[PDB]
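Written out below as structure tokens is the structure these notes cover.
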Amino acid sequence: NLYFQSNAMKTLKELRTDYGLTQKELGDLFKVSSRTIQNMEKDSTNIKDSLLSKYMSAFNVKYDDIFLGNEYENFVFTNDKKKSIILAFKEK
Amino acid sequence: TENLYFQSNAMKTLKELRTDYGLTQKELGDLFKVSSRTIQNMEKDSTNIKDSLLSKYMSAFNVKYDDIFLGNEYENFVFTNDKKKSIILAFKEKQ
């Protein structure tokens with residue numbers, strides 16, 4: 001279980017969607033193209049700190065709160081997150 | 001339980017609660033033993049949600065009654081949209 005094993009709480013995509021910002025709105029907010037946001041949401045493995053820091057700043061989160069990884073890892077992570085909640089709830 | 005539920009300084013809507021933990025309407029329905037349709041409707045307009053259903057949200061997302069935004073589809077809109085404008089304004093205002 002990846003979400004439970006992790007200090008991370010959110011993916012890049014989740015930080016964005018939590019406020020229903022479009023990739024385009026977020027690009028304009030962070031001074032990079034949409035395609036940069038697409039790419040970083042697909043695979044965060046090589047994200048530049050200059051960009052990571054804007055995420056931490058805009059969304060008031062710490063480095064540890066953010067999940068970083070490739071498309072596969074993001075999936076296992078979010079997927080695992082959903083099951084956690086379901087399973088915790090069912091434990092009563 | 002702190003790296004299980006994400007601590008949130010502000011209120012969240014029912015839709016946001018589901019959405020935050022990446023569940024579909026159908027899954028949440030099953031989890032709370034109500035139709036997908038019941039979830040759809042309460043997400044649009046929560047004015048009349050049953051406290052039995054509300055408690056289930058509280059218990060599954062670990063939020064207090066005062067942490068959940070309840071309201072019609074317009075109040076919802078204003079509320080989520082104000083949060084958006086805020087995130088944006090706060091960020092630009094540091095630069």
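Each value in this text was obtained by applying a stated rule to the coordinates, not by laboratory testing. Note: ideal-geometry Cβ built from the backbone for every residue, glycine included; neighbour counts use all protein chains shown.
Counting only residues that are farther than 22 Å from A:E91 by Cβ and over 11 Å from the mean Cα position of the chain (by Cα), region B:11-43 holds 7 of them. I'd like to check something: does region A:23-37 contain any residue that is more than 11 Å from every other protein chain (Cβ to nearest Cβ), surrounded by fewer than 19 Cβ atoms within 10 Å (Cβ to Cβ) and not in a helix (DSSP H, G or I)? There is at least one residue in region A:23-37 that is more than 11 Å from every other protein chain (Cβ to nearest Cβ), surrounded by fewer than 19 Cβ atoms within 10 Å (Cβ to Cβ) and not in a helix (DSSP H, G or I).
Scan region A:4-16 for residues that are surrounded by fewer than 18 Cβ atoms within 10 Å (Cβ to Cβ) and either under 15 Å from A:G69 (Cα atoms) or not hydrophobic (A, V, I, L, M, F, W, C) (or both) and report the count. Step through it out loud before you land on a result.
At the first step, the residues of region A:4-16 found to be surrounded by fewer than 18 Cβ atoms within 10 Å (Cβ to Cβ) are A:4-7.
Of the ones still in play, those that are also either under 15 Å from A:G69 (Cα atoms) or not hydrophobic (A, V, I, L, M, F, W, C) (or both) are A:5-7.
Looking only at that region, the number is 3.
Of the residues B:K92, B:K64, B:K33, which is among the basic types (K, R) and touching a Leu at 6+ places or on another chain (Cβ under 9 Å)? Spell out how you get there, then give the answer.
Working: B:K64 fails: touching a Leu at 6+ places or on another chain (Cβ under 9 Å); B:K33 fails: touching a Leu at 6+ places or on another chain (Cβ under 9 Å).
Criteria check complete, one pass: B:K92.
Evaluation of A:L87 against the conditions (1) assigned to a helix (DSSP H, G or I); (2) touching a residue at least 60 places away in the same chain (Cβ under 8 Å); (3) within 11 Å of chain B (Cβ to nearest Cβ) shows that the sole unmet condition is (2).
Scan region B:39-52 and tell me whether some residue there is in contact (Cβ under 8 Å) with a residue 40 or more places away in the chain, under 23 Å from A:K10 (Cα atoms) and surrounded by 15 or more Cβ atoms within 10 Å (Cβ to Cβ).
Of the residues in region B:39-52, the ones in contact (Cβ under 8 Å) with a residue 40 or more places away in the chain are none.
No: zero hits.
Restricting region A:59-74 to residues that are over 12 Å from A:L12 (Cα atoms) and of a type outside the set (K, R), the residue that is surrounded by the most Cβ atoms within 10 Å (Cβ to Cβ) is A:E73.
Quick one: which residue in A:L2, A:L21, A:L12 is in contact with a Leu (Cβ under 9 Å, 6 or more places away or on another chain) and farther than 14 Å from A:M56 by Cβ? The unique qualifying residue is A:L21. A:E41 passes every criterion in (1) in a helix (DSSP H, G or I); (2) out of contact with any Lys or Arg (no Cβ under 8 Å at 6 or more places or on another chain) apart from (2).
Filtered by the rule that a residue be within 23 Å of A:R16 (Cα to Cα) and in contact (Cβ under 8 Å) with a residue 24 or more places away in the chain, region B:21-38 gives a lone residue, B:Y21.
Could you tell me which residue of region B:4-22 is farthest from the other protein chains (Cβ to nearest Cβ), considering only residues that are among the hydrophobic types (A, V, I, L, M, F, W, C) and in a loop (DSSP other than H, G, I, E, B)? Lay out the reasoning, then the answer.
Filtering region B:4-22 down to residues among the hydrophobic types (A, V, I, L, M, F, W, C) leaves B:4, B:6, B:10-11, B:14, B:17.
Applying the additional criterion that residues be in a loop (DSSP other than H, G, I, E, B) yields B:4, B:6, B:10-11.
Details: B:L4: 6, B:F6: 5, B:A10: 11, B:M11: 13 Å.
That would be B:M11.
Every listed requirement among (1) within 11 Å of chain B (Cβ to nearest Cβ); (2) part of a helix (DSSP H, G or I); (3) over 11 Å from the mean Cα position of the chain (by Cα) is met by A:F77 save one, (3).
Evaluate the following for B:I49: is it assigned to a helix (DSSP H, G or I) and β-branched (V, I, T)? The answer is no for B:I49. Across region A:38-60, the qualifying residues are those that are within 14 Å of chain B (Cβ to nearest Cβ) and hydroxyl-bearing (S, T, Y), and the one among them that is nearest to A:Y72 (Cα to Cα) is A:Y55.
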